[PDB]
Every structure is written in structure tokens, then in C-alpha cells.
Amino acid sequence: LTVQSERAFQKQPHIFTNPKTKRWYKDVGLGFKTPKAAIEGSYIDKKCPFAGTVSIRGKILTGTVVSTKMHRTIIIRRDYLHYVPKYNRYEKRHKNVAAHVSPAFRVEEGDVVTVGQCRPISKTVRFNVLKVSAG
Amino acid sequence: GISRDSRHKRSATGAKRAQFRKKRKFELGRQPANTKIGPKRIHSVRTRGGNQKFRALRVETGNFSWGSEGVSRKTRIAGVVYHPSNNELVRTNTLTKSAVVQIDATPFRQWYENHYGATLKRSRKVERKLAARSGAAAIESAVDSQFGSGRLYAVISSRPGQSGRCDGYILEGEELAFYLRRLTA
Amino acid sequence: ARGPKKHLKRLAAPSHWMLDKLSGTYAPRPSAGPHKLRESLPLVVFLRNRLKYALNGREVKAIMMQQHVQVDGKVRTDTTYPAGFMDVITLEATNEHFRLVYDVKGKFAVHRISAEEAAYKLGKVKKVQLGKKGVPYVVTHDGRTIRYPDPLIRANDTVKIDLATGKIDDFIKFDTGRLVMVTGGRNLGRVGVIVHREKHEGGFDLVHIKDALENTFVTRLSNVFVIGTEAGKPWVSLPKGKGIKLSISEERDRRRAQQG
RNA sequence: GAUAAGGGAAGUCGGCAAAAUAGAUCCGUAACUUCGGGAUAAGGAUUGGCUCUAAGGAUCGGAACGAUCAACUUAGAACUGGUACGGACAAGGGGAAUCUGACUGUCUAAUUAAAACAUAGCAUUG
RNA sequence: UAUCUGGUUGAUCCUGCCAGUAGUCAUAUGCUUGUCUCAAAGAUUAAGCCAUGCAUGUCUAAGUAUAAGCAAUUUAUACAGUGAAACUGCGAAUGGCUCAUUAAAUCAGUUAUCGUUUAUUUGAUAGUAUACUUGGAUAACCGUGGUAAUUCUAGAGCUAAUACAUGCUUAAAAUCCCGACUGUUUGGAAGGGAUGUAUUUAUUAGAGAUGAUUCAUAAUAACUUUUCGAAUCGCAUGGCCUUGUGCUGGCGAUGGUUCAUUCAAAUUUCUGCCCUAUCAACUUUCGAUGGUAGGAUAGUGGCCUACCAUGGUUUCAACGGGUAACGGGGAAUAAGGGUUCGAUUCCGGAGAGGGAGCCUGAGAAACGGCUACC
RNA sequence: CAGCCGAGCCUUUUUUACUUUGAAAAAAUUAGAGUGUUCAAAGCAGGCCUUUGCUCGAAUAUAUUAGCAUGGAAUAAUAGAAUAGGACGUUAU
RNA sequence: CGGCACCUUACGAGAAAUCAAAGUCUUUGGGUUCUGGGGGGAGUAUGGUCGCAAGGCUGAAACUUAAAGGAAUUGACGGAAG
RNA sequence: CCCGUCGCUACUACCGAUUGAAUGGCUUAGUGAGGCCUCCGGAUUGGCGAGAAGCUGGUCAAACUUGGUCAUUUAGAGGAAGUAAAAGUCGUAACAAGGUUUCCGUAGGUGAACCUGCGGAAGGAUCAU
Ligand SMILES: CC[C@H]1CN2CCc3cc(OC)c(OC)cc3[C@@H]2C[C@@H]1C[C@H]1NCCc2cc(O)c(OC)cc21
Ligand SMILES: [Mg+2]
Ligand SMILES: [Mg+2]
Ligand SMILES: [Mg+2]
Ligand SMILES: [Mg+2]
Ligand SMILES: [Mg+2]
Ligand SMILES: [Mg+2]
Ligand SMILES: [Mg+2]
Ligand SMILES: [Mg+2]
Ligand SMILES: [Mg+2]
Ligand SMILES: [Mg+2]
Ligand SMILES: [Mg+2]
Ligand SMILES: [Mg+2]
Ligand SMILES: [Mg+2]
Ligand SMILES: [Mg+2]
Ligand SMILES: [Mg+2]
Ligand SMILES: [Mg+2]
Ligand SMILES: [Mg+2]
Ligand SMILES: [Mg+2]
Ligand SMILES: [Mg+2]
Ligand SMILES: [Mg+2]
Ligand SMILES: [Mg+2]
Ligand SMILES: [Mg+2]
Ligand SMILES: [Mg+2]
Ligand SMILES: [Mg+2]
Ligand SMILES: [Mg+2]
Ligand SMILES: [Mg+2]
Ligand SMILES: [Mg+2]
Ligand SMILES: [Mg+2]
Ligand SMILES: [Mg+2]
Ligand SMILES: [Mg+2]
Ligand SMILES: [Mg+2]
Ligand SMILES: [Mg+2]
Ligand SMILES: [Mg+2]
Ligand SMILES: [Mg+2]
Ligand SMILES: [Mg+2]
Ligand SMILES: [Mg+2]
Ligand SMILES: [Mg+2]
Ligand SMILES: [Mg+2]
Ligand SMILES: [Mg+2]
Ligand SMILES: [Mg+2]
Ligand SMILES: [Mg+2]
Ligand SMILES: [Mg+2]
Ligand SMILES: [Mg+2]
Ligand SMILES: [Mg+2]
Ligand SMILES: [Mg+2]
Ligand SMILES: [Mg+2]
Ligand SMILES: [Mg+2]
Ligand SMILES: [Mg+2]
Ligand SMILES: [Mg+2]
Ligand SMILES: [Mg+2]
């Protein structure tokens, strides 16, 4: 696994290392801790909440990872009970949400992650992983 | 015409969506500039809000920056040598952003020699000023070697189809080593 | 659909204008201006429905085209000019000065003020930031831009505008114990002191306010307007009722005693 | 042995004879069916030349890398021309049904190749 | 009013339906109809077709008046009142109508824009390194017309601008770069360039704001078919003498760059739609899910392109089909729970015979705008 | 004097669901307060000795899944220290 | 203790026949699967699927109809008994 | 009381040669208007610039022909049903031990009800030796 695996040079925009590697990162706020793999790492991800240019704002969701077969993208499954008033009871329902995961996190199917909303970074991705709990 | 709406796509589940409404003007697209190298030819585009964009159809020169030295100069663009998106842009010499180009090295060589005095009649004070600037005058080997050919490697930073400029910065460091490896292969 | 709306149906008008259903199909659509459409009071509504100086929209235009109506010390000839909270309306021909302050019932009171008090106004600081050439400025709730403010002024503070020069006389920092009027929500018009500000990062901060009758209510910080440095010391004259909310039973008792 | 305006089987017992189709790549393919087929069903697109690009290996050296060597296949692009290009050669016409024999096979050398004979399967007899 | 009654038997008790009964902001129809108030009304079938007329125009002291228009001589021989025609500006993107399409679409509640555009309103904001004021067009107008026919217009002759195209006028310093000469232990310097604001890069503050940013803002080096820092209009006419058409100046129109604000827009988070399995797999050629780079867009985004992975949805009902389906606020009936309806006075969406493409503009994929096909 | 709620001390002292409260939630419609439209359906008017003006008003509830904030910890789930890779040393080395 | 049943009673249930479950059901809520909604047309037609076939499984509608049906009572009748 | 062929009348739906027919949506392929962008072009018209027709290549893409598919209606010789009407012909299958107890599944036979074989059931005509 190497950082420079694309046809273009991978780097953080406008972060200049004068030859005569400097890394930029930020905290996302809302009491979420920046993983040290972002402060000290070497991966380049324009969509990472901590090392990229995306911002976390909107809704914070939690869910169970059900797919890690995409590159830097996971799908989480959110389970909830839908109330049916006529029968005064509930029915189990689920929604699948696609979220971006930065290389600062390691997630497998079955983990519980916390994702924060960001700007649309794909056709179906609007959430970006902020926290991981092993399962 | 060209439309950027997402209605014509099928959903994430794969279902084809029915036609909701006629194409709206606030979701239009236009055609690529496909900037070439030749005597300057720029057409204005009237955009939303009455604003203006510039299609660079042809440009010769651009503003290129030597980041380490903190100097920017206007210099000719020789040709496109590498493009991470499509190799046909290299073959046809189409200037877009992130295109690797060769720029004329003379304005930077002239600044370097006038600023430091080395190569790649003065007063006593001028010679002392140059001596003060000495020691910082040693540049990277991979950059120095290019001056023999009189052409530096650069990457386009502006968007020529959006601003009409074909500007960039001079390749340096491991980015220069990266694209050198790409070019030699 | 293809552009901005220019009409306002009568039923869709803000309820605090207190327009009648059957007088027509349309309502005065407030112009663009210092105050938002939903939180404003057009001068046609003020001069015809509130003061009853004009009998119709033709008459309110006749009144305003004679240069009588001033908003914040400036002549306005736009009959649908969006006058709003803390704005001063002057009709020097009748020698009357009004300030648009909410009453406890949720509406804009017809609140007459003295000429000395009509010479200034209060503005809630929405943002403080740097303009071009590194010049700081303050944006108040009525869209005013005051340059070179006191460097101690921050958002949610209240500034006192000279209203003739547009300058800042002095200010009130937002803090516990300050006198406050609520400018939004179901507690609109109530007056009390800040008891405790509860912060919610990424959400809405909530302010706990205690009435002069020791009634406590919670309202959004965006609905909180500082109007005084402490209890019983407002920087503007309060409308009749002092922003004290009475229950419907208390109001009925008060009306019974007032009317016999 | 060729060609033929317009029509296109009106010719004739009968489309006999001739014409039309035809290679390859890609797409698409119905009834019915003994599930094996039908099927190249039907029905469409492309194809030259030139200049390039990419992929697909072997042997050595302690190596995700270097050195040397090597076969024709496939895919993509630009350009180009009287829109031509399986350029000669070579090379299926197709479909809806009825009668009949299941099929492959066989015979009247020298007028009949068929529905005739055979056949597997079935049954009977000694 | 939380209600029942008639009908199977020779008679009985049941199951069970049929029938009766009441309402409908529920339609039609029959018969009948004196008064007052209030008031729906070509939705259903045909988003079928339309004769005719009207439905969007607009001028203030303050853009342009030599009407060969009217009116009076008046503070006026540049014009001066009123005022057709035209140019210019703005509006015509609102309103009104309808419900055909549309089943995670619309819509509702709830979010976001640290992901954008924004005429207008309201606040702020520009001394930047020929001038007593620049040009040449054109309309209306006059008179020659062509066509059967249109809100068609053509030659020729005039003439204006807040139309069009250009262009100066200015503080005081200070700072930076090159630098002849010079001092000669590294200082001084003549002389050249550059400074506002916009654009586009690259590199530095940002250790004032935010929950959070590569934010606001500033700086350095440049760049640009070089943005704009008023060649405008009305009323008053004042002050200083150095009495020269001397120098100064009062209230306003209109306009202008950027920021803010307001009116908006475009995308956008979460959850929620009726029947159908005689619909169980769907999507992915030729974008389906994701990654990298770009193009395009006002901006995010497979929105589009190139390359690369093989992903994405589904019995918690995907996909397909039906709807005599625009969604909601709501409506009818109602002990409670429910059932049924919502084309239709408000909000959102969509359409203007069916499609599609555009021009202008801040704003339209506009149809009482255009272009083409049917 | 009992009863009913709230407290505060002393007794060794991770994820939900649910329920409470709140904020924010268009008007019209619904329920509902006031008010002699001559009554009423409605409307949001109106009333005062008669006014070179005085003056009550234009309430209040309901929405309900989802989201936001919040109090409670019964009921129903969920996780933890078993090859200890377990917990504390606040100033342990 | 587990079974296969049986006898009595009816607290209780039921329209009744009867039922120790067919009880603990308007004083209506232990858990869960399947099925029915007046009689016919009709388990028919059509589509699918399984089967070599016979056929199985899934499965309508038009139309038609005021009853069809359950349990019991009295009588009448019986090529039933006494 | 009652069942089924058969005969008359009327209605509803079904099968059926006709490669039946009609209407609407989507779509392959072919052809392809027009605008927009781009490329040259350069009528004439200002002092090098502006610039019309037209041209090159793209892009969005209406529309037509063929084929495919989906959907909704509809004709049909003949065949085979159901119901209603009347109780017409033939018999007597069921209801009593209905005169051979009845019924279920299955398989043959037969003008028709039905009969027969095999295995079940009691809803039996036996709760019993
Ligand atoms: C000199 C040879 C030719 C001359 N040309 C003149 C033009 C012409 C045109 C035709 O029609 C346009 C045509 O029709 C057939 C035939 C001809 C003759 C045929 C002849 C060869 C031919 N002779 C008879 C048979 C035969 C057999 C073969 O084996 C064989 O191989 C060498 C050839 C032959
Ligand atoms: Mg469930
Ligand atoms: Mg409209
Ligand atoms: Mg916020
Ligand atoms: Mg011929
Ligand atoms: Mg011919
Ligand atoms: Mg023919
Ligand atoms: Mg013939
Ligand atoms: Mg013939
Ligand atoms: Mg003949
Ligand atoms: Mg013949
Ligand atoms: Mg032949
Ligand atoms: Mg073929
Ligand atoms: Mg044979
Ligand atoms: Mg022979
Ligand atoms: Mg012989
Ligand atoms: Mg022969
Ligand atoms: Mg009966
Ligand atoms: Mg209609
Ligand atoms: Mg109507
Ligand atoms: Mg309809
Ligand atoms: Mg019509
Ligand atoms: Mg209709
Ligand atoms: Mg329709
Ligand atoms: Mg306007
Ligand atoms: Mg991108
Ligand atoms: Mg991408
Ligand atoms: Mg579905
Ligand atoms: Mg419809
Ligand atoms: Mg209703
Ligand atoms: Mg509705
Ligand atoms: Mg409806
Ligand atoms: Mg509706
Ligand atoms: Mg309505
Ligand atoms: Mg509407
Ligand atoms: Mg429209
Ligand atoms: Mg119309
Ligand atoms: Mg049309
Ligand atoms: Mg219109
Ligand atoms: Mg249109
Ligand atoms: Mg019209
Ligand atoms: Mg018993
Ligand atoms: Mg028993
Ligand atoms: Mg039934
Ligand atoms: Mg269909
Ligand atoms: Mg018998
Ligand atoms: Mg018998
Ligand atoms: Mg017998
Ligand atoms: Mg018999
Ligand atoms: Mg026999
Ligand atoms: Mg026998």
C-alpha cells in the first residue's frame, strides 16, 4: 500500500513544503477527537474530515457497518422501529446510508460507527465517518 | 442542452426514474474550451447572474511561479507533456488544469542570475549584496539540469476554460521526481 | 417558478398584522428592506389598520407622498416599507413619535414615545467581522452596518444607535442578569432577566429568562434581545404591560376589575 | 456466358431457370420442445489505408526491480478517400403452415432416391 | 342516543347475508318554490377543438423634445408651459388557470450551504501614482417605394442622450525591487520602476469570528483581448475678495465597486406514501456503486470525460405493474379505535396541443417570447 | 392532626427503546374566550353623555410520526474481567 | 411420574348437540402459525409451476341468486325395532 | 321431496384456424429538422478594427421507417360451458336399512342420473355380549 498510487501527484492543496513533509489537519468540532493517524499520517484524502477540505455540519448519525467492499466508502445500516398507530404497535425497518471513511480509521463489517453530515461528496454519499467502535 | 440534473440517472437501488419535469435553465452545462497553444483567442461567456467567464480557446503565455524563490513571471508555454486525466490531451496539446507543461525558462534564469549572480560588471555594494544572497543560491539538481534545455516543468493551476488563464507553478521536490518518473516510465 | 413573487394572499399574511379575512384577496406585501417579511410591519398597515389615519390604501399613499412619514429619522415614501422591531416612526405634522416594540400578546404595539427617546434606537449585534482594508464592522438586526465599533462589542450584544449620525452611543454585553425582550416564538413579547444560558454546540443555545413576577421561560438565543443592563432599567420605554404574561384567567379577572 | 429502363411471378402445371443472401466481429433472436434443441432462427451495425497507443511472455542477476531476447493475437484512437473497404477469390435466402417418413443409413449400374427398404424400440412364435 | 328492525321454519334457537334506517363541504335528476343574509358553479367524460372581443403596460422638477402639435409672451436668442411620435429605462419570470404527467418523485415536518447565484430594498464602501467636458452613429421626422395579404419593411436626407464607444483632472508621506556612483567592514546613494480596486495563480500572517475551516482580513511576486475610482439630470442660488464669467458651495434625481442586509433561487439531511408476488430478483453494453484527475456549472455531486476497482438495492418487499394518484393544510362520518374523500378559495409542484432547442434578462428552458419537427 | 408531591444529608453508597418537560412549530378550517351581526349562520368587531376624544380587544387549546433539547431509570434490550491482552496508583519507579 | 382412554358433575362454556376442554372469552390481552367472510358460477377459466401421464399446487371474473346452511322440537312417513 | 342427460327460449363469460384486427406508451437500428458551441469565411464599413450570408467538426436532440416489447379493446366458422325460464321427454341416483347404507380419494365403464374395483370415514342402521 503506497500513497502515490494515482496518475496524479497526491498532496494537500496549498500546503507548501519548501525544499530550500508539512501536513495540514483540523479538528472537526462537536467534541470529536482527531485521530493521531491524521495528525501523524501520510495518506492524502480530500474528503477526510480531519485532513481534507470537507466540513462536518448537519446531522450526526450512528450505525452498524454492513459493507466495506468500496474504496474509502462504507455502508452503515440504521435500525429503527416504525410506529403503526392503528395497531398501537411497531414494525422493524431499516435504511442504508453510504458514508465516506478516511484511511485514519480501520473499520470492518459489524463495527458501530458515528458519521457526520458533509457536503455531497458522491452521488449517494453525504456522511463521513467521525468515530469507530469495534464489534 | 447539456444538463447537470440528477433526475436522468437511475437511483442507488437501480430503479429507472420517470421523467419529472422539462430541463431547467439553472441546471445547464456548456461545452469544454479545449484550450490549445497558439495566438491568444478568448471568448466571453455570459453566465448566471450576469457574470462573465472566459473560454481560453488558444493561449501562448502564462503566469508561472517559482514557489521556493517566491517569484512569479510571465513566460511562454512550450507544450503539454503529461496529463493525469487523459493521454489524448497530451497528444493534442490541450491545456487544462493539472496538465504538465514545459515553459520557457529564460525569465526565471534572468531573474536568478540578476538576483544571485551565478549560472545554471558590478559595483562593490552589488557584489556584497550578492555575497549575502549566496548560500541560498544552490537549487535542486533536477531543476538545475532543465535550464540547460531552457525549459522548465510546470503544472497548470488555473482553469483555462473558466478564467482564460493558463497559469501554474514550477515543479519541484518529490512532486517533480514523481512526474519525472511518470515521463521516463 | 421563473422568479420572485410580488403578491401576498390575505390568508398567507403574518397573523400579527391582524388583517381581516373578507376585506380582499390580497395583503400588503412588505418591500425588501431592513427587516424580514414575516417580522415586519408595512407602513400601510401601520397608518391604516393601526392608527386609522388613512381610510384606504389610496389615502395612505396620499399621506406618505406629502413627506410626513419618517422611519428611523429618514423620510420613506414606500407605502409597503418593512418597519420592524425597535424602529422609530415619526409624524412631526401630528407631533407623534412611535417605536415598534412587541407587546406581550405577540403584536406590534402602538407605542408612543417622547421626542428625546425617539432620537435613538437599539440594535442586536448579529455579527462582528472585518471589512475591506481590515476595518471591523457590526451588523445589527435591522441590517445596519456600523464601522469602527467598540472592540468589546460581540454578537448578541445590544448597541445604542444615535439614529441621526448612525453611530454607537454605548452598548450592553450579553450576560446573565441583563434585561431581555423575546422577539420570536411563543414567548414573543415577554420581558425578563437572563438566568442561565445553556450552550449546544452545533445546535441552538437556549436562554432561561425569569419574569418580574418570577415566572421562568426558555427561548432561543436567536429570539433573545437584550434591552437593559438589569431588571427595572430598560434602555427604551416598554409598552403597556411591561412584558408580563398573564394567564387567561388572570386576564379575565383583570378585565372584570377594570370594567367593574 | 453477360447486362438491361419501369413493373416485380401478371409467366408457368409448378418461381423451372436465374437473381438475391453469403466471410469475420459485435448486438439481437419467437412459437414449439423429447429440455438436448429450434438457432447462423428472425432482424441490425461494422469492416480499407495510414500514423499511433495499450495489453498478453522467456531466460539470467539476492526481485513490486534491472539486463538481454522474443510470436502474433486482441482492444482502443487520430488522420485519410468520389461513403469506398469479406473491394478479385471465396461464400446460408428467410419466414407461416399442411401431408408424410421418427432420426443417421439403403436400393431399381443405364428413365423412378421416394412416403419404398433398413433401423433402434415394441410384441408374438419355437 | 355507545340503539337497531323485516325476510329461511309447522313452530324454535342460531350462523349468515339480503332488505330496511340516518348523514355527506356529494354529484345528478324529478316534482315544488313567497321573503332576508351567505354563496359553490365545464374538476369527473375530451390536458378535446376553438369564431370574436378583452386579459401588460408604464413619465416625474430631476435620461432624450426644432412635432412643420397645442398654448402664452416670459426672469430668458441654446432650451424653459403642456405635450403626441420615437430612442432610453423598467416591467412583461407577478398574477390568473388547470391537475395531464408524477409512487421516495411531488409533498409534510425537520435540516444544511464551512457547496452557490441573487435584479431590487435597506446599511456601509472608492484622493492611487481635449477637462471651461471627446467622437460618430441611429430612431422618431421629411419624401420615394414594393407586396393580394401581417404589429413586413427598403433605398435616400436630418438630428439627441443616464443609448453606444472612448478618455484626463489630487493630498501627504511611506514602503519594496533594480541600481550608476560611493563609503570601504558593509553603511550612504543619483537615476529607474510598483503601490486603489477587480481577475488568476504561487507563497506567507492569521499565534477577529466559528462547534469546526485552506474563514474574514492582510502581505509578497506577478498576470489580465483591464472591471470601475460620475464627460448625467432638477431645483435653489449663497460665501470670499485677488471684483476675474475668479475661487468656492445647498437640498435632491439617477448611477457605480465591494461587503452586509432583504426579496429570492438552486441543491440538500432524517423519517413518513394507496393496490399488486398471476411482479423475486434488479442495476451495471451505452454510469450502475466507489476512487483519482479534469471539464462543465452560479456552485456540490458520475453532472459529464479518462483511467481504475466491482461494486449498489432486495422477503424489514427491492425491481416491475396498476392507479377511474398532483402532495399537504384539510373534508365526510364519527363512544372509542377507525373507514372514506381531498381536481377545487391557502402552501409546495407541474404544464400551457405533443415533444425538443434557445434568445433576452438578476431571474425563464417563458409559450398572451422565439426556432424546428409532429 | 393526618394525607399527597418534593428536597437534602446519614446509613459500606457502553448503546438504545420507553415516558416527562421544553424550544421551534403559517393562516384559513376544528375546539374555544369575549362581543345583542335586530336573532342566527357569520364577522372581528366594538364600548363610553355623545365626546375637536377617551378607551377593552383581535384570546386560548389541539396538531404528532420524525428531528432537536431535557428530567426519570421501572419495564424490554445491549456491552463488559476467563488462555485475563482486566481495574487502580490522583503525587508509585 | 408419564401415556391411551373412561365415568360423574357442570363451577364454566355453548345456538344446541354437547364439551375437563369446546373452561379460566364485553369482568373482552400468556406465545405463535394457518384458514374463513351469504349461496352458486367454481376449485371452473386464464397465467405460472411441478408431473411421463393421470393430475397436483397457486387461482379469478362476468353473470346469477334470498336464502343456502347448523343444532334441536312437534308431527307425518319408513320395503326399521319392540 | 328430489338428481342428471335430452328438447325450447334468453343472457354472460370461455376456447378457437384466421402468422385475425384496432388504439396507446417505451425502445434497437437507419434517416435526421433546428438551436447552441466551434472552425474558417469575408457581402460592406469605420479608420488595423467591427462584421452578414455561408463553411468544418461537435453537442442537445424533435420527428419518421422497420423491428422488438409492453398495455388496452375487438371480429370469428366451429367447440365446449354456466345461469335464468317452464316444470316438456327418459329414468329413479339421494332423503326411511330410499328398498344394493351413505359419503371421501383413486381408476375403469356407461343415454342420464349412475355402476363397479381398492383403501378409507361414520356425518350409521351398532357407543354394548
Ligand atoms: C480462351 C479461353 C476462354 C475464351 N473465352 C472468351 C470470352 C468468354 C466469355 C464468356 O462469357 C462472358 C464465356 O462463357 C463461359 C466464355 C468465354 C471464352 C471461354 C474460354 C475458356 C473455356 N472454354 C470452354 C470451357 C472451359 C473449360 C475449362 O476448364 C477452362 O479452363 C482453362 C476454360 C474453358
Ligand atoms: Mg417487526
Ligand atoms: Mg405563477
Ligand atoms: Mg449554525
Ligand atoms: Mg428490368
Ligand atoms: Mg432497375
Ligand atoms: Mg416488390
Ligand atoms: Mg407464378
Ligand atoms: Mg399465375
Ligand atoms: Mg396464366
Ligand atoms: Mg395452376
Ligand atoms: Mg433453382
Ligand atoms: Mg442472421
Ligand atoms: Mg427417412
Ligand atoms: Mg435408375
Ligand atoms: Mg432393370
Ligand atoms: Mg434419378
Ligand atoms: Mg333452511
Ligand atoms: Mg376538465
Ligand atoms: Mg374551475
Ligand atoms: Mg381526473
Ligand atoms: Mg385544451
Ligand atoms: Mg381531466
Ligand atoms: Mg390522462
Ligand atoms: Mg421591480
Ligand atoms: Mg471533482
Ligand atoms: Mg469522481
Ligand atoms: Mg415498492
Ligand atoms: Mg392524473
Ligand atoms: Mg369528504
Ligand atoms: Mg390530496
Ligand atoms: Mg387524493
Ligand atoms: Mg389537492
Ligand atoms: Mg380547497
Ligand atoms: Mg395553486
Ligand atoms: Mg413553466
Ligand atoms: Mg391554455
Ligand atoms: Mg407546442
Ligand atoms: Mg404565462
Ligand atoms: Mg415553452
Ligand atoms: Mg392564451
Ligand atoms: Mg364428559
Ligand atoms: Mg375428550
Ligand atoms: Mg361467499
Ligand atoms: Mg400493463
Ligand atoms: Mg333410489
Ligand atoms: Mg341406496
Ligand atoms: Mg333397486
Ligand atoms: Mg340403486
Ligand atoms: Mg360391472
Ligand atoms: Mg360385483
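Quick note on labels: first sequence line is chain A, next is B, and so on, each numbered from 1. Side chains are part of it too, since the values below use all heavy atoms of this structure and drop only hydrogens, waters and symmetry mates.
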Gap in Å between the two P atoms, one belonging to E/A202 and one to E/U169, rounded: 35 Å
A/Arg57 side-chain proximity, nearest of E/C316, E/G115, E/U292: E/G115
Side-chain donor/acceptor contact of B/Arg159 with base of E/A296 under 3.5 Å: yes
Intrastrand stacking E/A209, E/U210, 5.5 Å centres and 30° planes: yes
Polar side-chain contact C/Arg252-F/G34 base: donor and acceptor under 3.5 Å: no
Heavy-atom side-chain contact between C/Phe217 and C/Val182 under 4.5 Å: yes
Charged N-O contact under 4.0 Å between B/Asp5 and B/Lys23: no
OP1 or OP2 of F/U16 under 4.0 Å from side-chain N/O of A/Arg78: no
Distance-only donor-acceptor test (3.5 Å): side chain A/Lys47, base E/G301: no
Two-distance pair criterion under 3.5 Å, Watson-Crick or G-U, for E/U220 and E/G272: no
Under 3.5 Å for both distances: E/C168 and E/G338 as a Watson-Crick or G-U pair: no
is_pair(E/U77, E/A124) Watson-Crick or wobble, both dists under 3.5 angstrom: no
North or south sugar for H/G99 (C1'-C2'-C3'-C4' positive means north): north
Salt-bridge criterion met for C/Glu250 and C/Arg252 (N-O under 4.0 Å): no
Neighbour count >12 (heavy atoms, 6.0 Å) for atom OH, B/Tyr169: yes
Donor-acceptor pair under 3.5 Å, B/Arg165 side chain vs E/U199 base: yes
Given E/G295, F/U70, F/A59, the nucleotide with the shortest approach to the side chain of C/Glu251: F/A59
is_pair(E/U313, E/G208) Watson-Crick or wobble, both dists under 3.5 angstrom: no
Non-hydrogen atoms of C/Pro30 and C/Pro82 that approach each other most closely: CB-CB, 4.1 Å
Touch class at under 4.0 angstrom, heavy-atom based, for C/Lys74 against every strand present: sugar-phosphate
Pair present between D/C89 and D/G11, Watson-Crick or G-U, 3.5 Å cut-off: no
Protein-to-nucleotide contact annotation, 5' to 3' order, nucleotides 252-269 of chain E [B base; S sugar-phosphate only; - none; under 4.0 Å, heavy atom]: ------SSSSBSS-SSSB
Residue C/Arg2, side-chain heavy atoms: nucleotide from E/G357, E/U94, E/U292 that is nearest: E/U94
Shortest non-hydrogen separation from B/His83 to A/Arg7 and the atoms involved: O-NH2, 2.8 Å
Stacked pair E/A72/E/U73, ring centres under 5.5 Å, planes under 30°: yes
base_contact_polar (E/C316 base, A/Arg77 side chain, donor-acceptor, <3.5 Å): yes
Presence of donor-acceptor pair under 3.5 Å, side chain of A/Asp27 and base of E/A212: no
is_close_aromatic(A/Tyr83, A/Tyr90), centroid dist under 6.0 Å: yes
side-chain N/O C/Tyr26 vs E/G96 OP1/OP2, d < 4.0 Å: yes
N/O donor-acceptor pair, side chain A/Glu6 with base E/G291, under 3.5 angstrom: no
Base of H/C37 paired with side chain of B/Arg30 (donor-acceptor, under 3.5 Å): no
Watson-Crick or G-U wobble pair, E/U237 with E/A55, both distances under 3.5 Å: no
Aromatic C/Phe204 / basic C/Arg220 pairing, under 6.0 angstrom, 45° off normal: yes
For E/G348, the Watson-Crick or wobble counterpart (both distances under 3.5 Å): E/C326
Nucleotide nearest C/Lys6 (side chain, heavy atoms from C-beta), chosen from E/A222, E/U118, E/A92: E/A92
Between the protein and nucleotides 187-190 of chain E, are there any N/O to N/O pairs under 3.5 Å, and if so, what are the atom names and distances?
residue, atom, partner, partner atom, Å
E/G187, OP2, B/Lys125, NZ, 3.3
E/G187, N7, B/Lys125, NZ, 3.0
E/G187, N7, B/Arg128, NH2, 3.3
E/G187, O6, B/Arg128, NH2, 3.4

E/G81 and E/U278 base-paired, Watson-Crick or G-U, both contacts under 3.5 Å: no
Selected nucleotide, minimal atom distance to B/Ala12 side chain, candidates F/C44, E/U122, E/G312: E/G312
E/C247 and E/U248 stacked at 5.5 Å and 30° limits: yes
C/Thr77 versus C/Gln67, side-chain donor and acceptor atoms under 3.5 Å: no
